[PDB]
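Protein chains in written order, with the deposited numbering: chain Y, 202 to 278, 307 to 402; chain U, 98 to 279; chain E, 1 to 104; chain H, 157 to 312; chain Z, 42 to 152.
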């Protein structure tokens with residue numbers, strides 16, 4: 202009779218613990234499966250966040266390394310006030326990354342490519358036919374540092390060689 | 098004068114000084130970051146370790162049974178289209194053309210070595226075509242005829258029929274359903 | 001250079017905009033423990049009772065399945081042990097992994 | 157099986173890696189042999205298996221690296237013996253040694269790098285030997301062969 | 042879980058399970074006569090899905106269970122340390138952005 206209890210309680214053990222615990226690991230370890238993918242890709246982009254600790258909490262600590270390299274310089278022992314490159318070099322390499330925001334926007338190169346450190350604004354001015362007062366075609370307004378690109382980017386969806394109503398800012402009125 | 102140079106003194110000196118101190122403390126923070134990340138994925142070895150257990154004989158049983166009712170279709174006699182969808186559920190909704198007409202053509206495409214050669218794949222694709230025509234009337238009933246169903250009856254019943262594609266035939270059944278007045 | 005002399009507010013506040021981009025990295029960090037630790041709490045509570053049911057196997061069905069033969073008789077073990085001189089003398093690859101090793 | 161590891165350097169091919177048809181039965185047989193506690197024994201046997209197989213494949217590349225065939229041509233004179241590829245496949249089979257050996261675990265196990273000592277300390281002695289061989293053909297004369305020593309530096 | 046999809050007929054590719062798709066259907070049933078003589082071998086492949094299926098079913102719930110303990114326990118303690126590290130990151134941009142606008146405010150005083 203205890204062997205009958207082995208058939209009942211132990212068929213419940215193998216059959217019911219295997220099938221019921223098969224539901225526990227099937228559904229619940231399916232939640233651990235998809236949630237394991239969640240913490241998996243979260244671990245990957247978390248390692249990209251650790252890369253951002255190198256890409257920002259070390260890169261701006263490289264900016265801080267130049268900063269306390271200049272307070273570490275402290276070479277007055307007033308004309309050593311050029312303590313930044315990122316006053317020129319990374320500031321016109323950041324503003325030459327506005328020649329890469331320019332060169333991306335193109336946004337000269339096309340053939341001016343001189344000085345848009347602050348390529349200071351862009352707008353969406355659908356232009357007007359100035360005589361009749363009706364509308365003209367649309368135009369991106371590319372107000373660079375010292376030259377204007379009133380460019381009809383239609384149907385020039387780039388922003389590579391768009392219609393450049395252009396001049397220099399020093400006599401733009 | 099030294100108001101401006103006082104901005105150079107406090108701002109430059111304190112900015113450089115607490116820039117190095119706060120950024121170095123931030124480097125200690127990044128040390129705790131990779132610490133917890135290393136202990137995290139190191140604790141996440143049991144994830145993959147348990148995750149090898151995806152015993153896809155379930156896939157061999159839905160696939161073996163897919164071969165089975167596929168052969169029920171492939172007797173040219175798969176009349177198991179419970180009417181006609183089956184109604185309100187065949188996967189969760191109308192799936193007589195979803196799991197089966199795509200198995201009428203894709204299991205018409207299921208060539209083992211010879212396996213009921215292209216005499217059978219054509220008329221099996223004509224079961225994909227009859228169930229495709231009733232599928233067109235089905236999602237047409239879902240969204241083109243209703244056309245009053247702001248609920249899932251247009252939305253998640255044709256989108257329950259979103260294993261079938263080509264919804265600009267349904268927009269064709271919007272210039273023939275909703276712009277039919279137009 | 002020729003006119004850019006006020007670069008501290010713009011390159012440094014742009015570096016503070018980069019620190020505002022690194023404040024967006026702190027949104028990636030609060031997002032990091034948010035999404036990742038959310039998967040931790042969610043899968044954690046999601047599979048703790050899976051460890052209670054795997055524990056129901058691993059405590060109750062474990063020593064229950066062990067003490068099946070708590071008393072078990074004398075001749076029958078010779079019978080089916082001799083039938084494991086049938087099956088254990090079929091080789092490994094005929095019999096199979098937990099077939100062979102579980103008969104062991 | 158044995159093979160020239162240069163064939164996996166000439167053709168640059170990925171190194172042999174056992175797989176799960178074994179490995180489930182392998183680790184199963186291991187912790188199975190930690191109920192039986194003889195996983196240490198079959199472990200030391202396995203150190204036998206792969207250690208000797210590295211003596212087989214690395215018995216192929218004993219040939220072109222025991223002999224540094226450029227003795228005194230200019231003196232040095234080519235940069236072109238085979239202790240480089242010797243040490244190359246030595247480290248790469250140290251690599252798939254490291255992975256493929258230290259895969260198969262119920263994760264916490266003590267002797268896993270001690271296994272790596274059991275397999276590679278003789279191969280440490282193998283590099284120490286052929287390190288001896290090129291250490292003495294590049295010996296007894298500065299500029300024998302004296303610049304070529306730097307590639308030995310490379311290898312070490 | 043990971044089942045109950047449409048799956049018909051994804052990867053058409055009849056998989057030749059015991060080559061019963063190859064033997065009965067694709068070698069004695071080549072031109073759509075059979076599968077009626079082969080449909081018996083398909084139901085026989087369903088009994089083989091109960092014996093192959095029972096065989097894999099034995100090995101299905103077989104690997105258990107010791108322990109994946111610090112999966113849950115280190116998920117808990119590492120989750121609390123994840124909370125404290127998140128406090129270190131929010132604190133990090135707290136004092137960091139505090140200094141950024143602080144000396145960008147004294148640097149706006151340099152403006």
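We put the CB at the ideal spot given by N, CA and C, even for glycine.
Assignment of residue 371 of chain Y by DSSP, reduced to helix, strand and coil, places it in the strand class. In this chain, the beta strand (DSSP E) harbouring residue 379 of chain Y covers 376-381.
Partner residues in the beta bridge of residue 396 of chain Y, as assigned by DSSP, are Y/377.
The beta carbons of residue 222 of chain H and residue 276 of chain H sit about 20 Å from each other, so the pair does not count as a contact at 8 Å. Distance between residue 8 of chain E and residue 19 of chain E, taken at the CA atoms: about 15 Å.
Residue environment: residue 365 of chain Y is assigned as exposed (fewer than 16 neighbouring CB atoms within 10 Å of its CB, all protein chains considered). The Cβ of residue 78 of chain E sits no closer than 9 Å to any Cβ of chain Y. At a cut-off of 9 Å between beta-carbon atoms, residue 20 of chain E makes contact with chain Z. At a beta-carbon threshold of 7 Å, the residues of chain Y lying near residue 102 of chain Z are 219, 222 and 223, ordered along the chain. Annotated as distal: residue 233 of chain Y and residue 5 of chain E, with beta-carbon spacing of 9 Å or more. Contact of residue 226 of chain Y with chain Z is assigned, a C-beta pair being separated by under 9 Å. For residue 55 of chain Z, a Cβ of chain U is located within less than 9 Å of the residue's own Cβ. Residues of the stretch 169-192 of chain U with a C-beta less than 9 Å from any C-beta of chain Z: 169, 171, 172, 173, 188 and 192, listed in chain order. Rounded to whole angstroms, the gap between the alpha carbons of residue 164 of chain H and residue 171 of chain H is 7 Å. The beta carbon of residue 174 of chain H sits no closer than 9 Å to any beta carbon of chain E. Around the beta carbon of residue 321 of chain Y, 16 or more other beta carbons lie within 10 angstroms, which makes this residue buried. Residue 90 of chain Z places its beta carbon 9 Å or farther from that of residue 64 of chain Z.
Going by DSSP, residue 142 of chain Z is part of no beta strand (DSSP E) but of the alpha helix (DSSP H) stretching over 110-144. By the rule that beta-carbons nearer than 9 Å mark a contact, residue 57 of chain E does not touch chain H.
Distance from the CA of residue 97 of chain Z to the CA of residue 250 of chain H, rounded to the nearest whole angstrom, comes to 37 Å.
At least one beta carbon of chain U lies nearer than 9 Å to the beta carbon of residue 254 of chain Y. The beta carbon of residue 199 of chain H is closer than 8 Å to those of 186, 267 and 271 in its chain, skipping five residues each way along the sequence. Taking 8 Å as the Cβ-Cβ cut-off, the stretch 135-148 of chain Z approaches chain E at 137, 138, 141, 142, 144, 145 and 148, given in chain order.
In this structure, the beta-carbon distance from residue 197 of chain U to residue 178 of chain U falls below 9 Å. The C-alpha of residue 54 of chain E lies about 12 Å from the C-alpha of residue 215 of chain Y. At least one C-beta of chain Z is nearer than 9 Å to the C-beta of residue 234 of chain Y. Contact annotation for residue 188 of chain H against chain E: 101 and 104 [CB-CB distance below 9 Å, chain order]. With a threshold of 9 Å between beta carbons, residue 106 of chain Z makes contact with chain E. The beta carbon of residue 102 of chain U sits no closer than 9 Å to any beta carbon of chain E. One alpha carbon belongs to residue 214 of chain H, the other to residue 205 of chain H, and they sit about 14 Å apart. Proximity of residue 318 of chain Y to chain U, defined by a Cβ-Cβ separation below 9 Å, is not satisfied. In the three-state DSSP reduction, residue 349 of chain Y falls in the coil class, being neither helix nor strand.
Secondary structure within the stretch 109-194 of chain U: the alpha helix (DSSP H) runs of 4 or more consecutive residues, fully enclosed, are 111-140, 142-148 and 155-169 (chain order).
For the pair of segments examined, the stretch 235-242 of chain U was found to touch the stretch 258-272 of chain U: the number of CB pairs separated by less than 8 Å reaches three. Of all alpha-carbon atoms in H/262, H/279 and H/307, the one lying nearest the alpha-carbon of residue 180 of chain H is that of H/262.
In the assembly as shown, residue 132 of chain U is an exposed residue. Its beta-carbon has fewer than 16 other beta-carbons within 10 Å.
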